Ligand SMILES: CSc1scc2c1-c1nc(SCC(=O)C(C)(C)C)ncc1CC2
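Just the one chain here, the form solved without this ligand, laid out as structure tokens.
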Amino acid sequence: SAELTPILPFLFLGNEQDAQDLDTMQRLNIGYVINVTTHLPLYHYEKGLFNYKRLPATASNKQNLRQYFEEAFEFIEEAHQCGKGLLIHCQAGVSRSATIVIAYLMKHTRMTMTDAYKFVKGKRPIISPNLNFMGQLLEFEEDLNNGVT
């Protein structure tokens, strides 16, 4: 499988395998984990090593991910501000988690939707948000450009 993707020094995009790799997470100074599924475990929860957030998305073709953007960005920033990294993952790191990272880049590094997509896809070529999530990212871009987020 594809290896964990560093996006920024404090933001890593991964799959379910990556969230179980405790030696790597400790090596990369990860202190925060976002699990973008309703059904996966929060791996290593009982060791009390990380701070976790679940964004309980399903597999539905109508899944709304925008509703989670604010919450997910706040958690990323918490990690960011205390000098810890954050791992965000779903099952494959292809679609749900990747959408959230692109949106973060759009809001917090001012990247257009196209440039943020290409930034992530350049780092992690297997990503492929579905057309539903792409539609939401376009709407998010719109709302960012009018300041109405």
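Start at 1 with the first residue shown and count on from there.
Another form exists, deposited with this ligand bound; not displayed. Remarks below refer to it.
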### Query
Overlaying the pocket C-alphas and bringing this ligand over as found in the deposited bound form, would you call this site open, or blocked by 3+ ligand atoms sitting within 2.4 Å of backbone or C-beta?
blocked
### Message
Since only the chain is shown here, I'm wondering whether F10 would be in contact with this ligand in the deposited bound form (any heavy atom pair within 4.5 Å).
### Response
no
### Query
Taking the shortest heavy atom distance, is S95 within 4.5 Å of this ligand in the deposited bound form?
yes
### Query
Though only this chain appears here, would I102 touch this ligand in the deposited bound form if you measure heavy atom gaps against 4.5 Å?
yes
### Query
Given that the partner is absent here, does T114 sit within 4.5 Å of this ligand in the deposited bound form, heavy atoms only?
yes
### Task
Answer yes or no: in the deposited bound form, does this ligand come within 4.5 Å of a heavy atom in every one of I34, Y52 and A57?
no
### Query
Can you pick the stretch from 44 to 52, 81 to 89, 106 to 114, 24 to 32 whose heavy atoms fall within 4.5 Å of this ligand in the deposited bound form?
106 to 114
